[PDB]
Amino acid sequence: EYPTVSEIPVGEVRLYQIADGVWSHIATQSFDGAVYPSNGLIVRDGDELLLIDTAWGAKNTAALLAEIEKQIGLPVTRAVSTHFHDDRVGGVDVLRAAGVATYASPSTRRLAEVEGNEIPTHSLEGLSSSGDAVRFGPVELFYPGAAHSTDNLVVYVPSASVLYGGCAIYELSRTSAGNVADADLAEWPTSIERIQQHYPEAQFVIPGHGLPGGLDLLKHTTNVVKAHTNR
Ligand SMILES: [Zn+2]
Ligand SMILES: [Zn+2]
Ligand SMILES: [Zn+2]
């Protein structure tokens, strides 16, 4: 069964195997006196690994690298951050010092700089217009349009039919909108429909926080966003 907060204390990281050569990584962080979980992805690319997102902070990200070497034993050579917030880029400096090449879209890199957050080194081309997709090793990267943030990317693993939605997709147990200070509420439902149109065959869907499910998570997120819009 999928790990939850009660089973992970801050500073530790769990790995969960989704399919052959595809794992999620789960970590926790405190904020405002509550404890929140957070997901990223690991995908095998021959004899190397691609990482999607940090584990939300420098200490957690060092623990993530140690857990990968203990449990998988292959080198992490590249990492992609899916938007500019600290649960996605916090820990980029640890990755860089370990020899991992770090990547994000130019939009993400600019917004991280304005915020004073850590800045991935390399710029991903071909993702500036809504509906754009590019291949990056064993995954496809897709820019659906503005949603949780103006820069948010989603990631698809074709060999395993795994769709990683990041923070643009909510878990089923979340019934109210989360942090929306940087969101585009007007465009978020349209961006979700672009994901459904491009990846209708997805079998596993991973939100940025909480439990995986199926494609139902997309309509669920639209329902929650529209209710918040009508507040
Ligand atoms: Zn975010
Ligand atoms: Zn998030
Ligand atoms: Zn729902």
> For the pair residue 15 and residue 216, how long in nm is the line joining their label points, each one 7 Å along Cα→Cβ?
Replying inline: 3.0 nm
> In terms of the Cα gyration tensor, with a ≥ b ≥ c the square roots of its eigenvalues, is region 125-177 rounded because a/c is under 1.5, prolate because a/b exceeds b/c, or oblate?
Replying inline: oblate
>> For a test of the definition: using alpha carbon positions, the gyration tensor, and the 1.5 limit on a/c, classify the chain as rounded, prolate or oblate.
In response: rounded
>> What does the net charge come to around residue 35 if you take all other residues with beta carbon closer than 14 Å to its beta carbon, with K and R at +1 and D and E at -1?
In response: -4
> Label-point separation (nm) for residue 4 and residue 93, each offset 7 Å from Cα along Cα-to-Cβ?
Replying inline: 3.6 nm
> What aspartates and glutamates sit close enough to residue 226 to cross-link, taking a C-alpha to C-alpha distance under 19 Å and skipping anything fewer than 8 places away on the same chain?
Replying inline: 171, 182, 184, 187, 193, 216
> Hey, with R₀ at 35 Å, roughly what FRET efficiency would residue 114 and residue 175 work out to, going by the Cβ-Cβ distance, to 0.05?
Replying inline: 0.65
>> What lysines does residue 70 reach when the alpha-carbon gap must be under 30 Å and sequence neighbours fewer than 8 apart in one chain are set aside?
In response: 59
>> For a test of the definition: using alpha carbon positions, the gyration tensor, and the 1.5 limit on a/c, classify region 1-107 as rounded, prolate or oblate.
In response: oblate
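A short reminder: the numbers here are calculations on the coordinates, not readings from a lab. Positions of Cβ are generated from backbone atoms using ideal geometry, with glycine treated the same way; all protein chains shown enter the neighbour counts.
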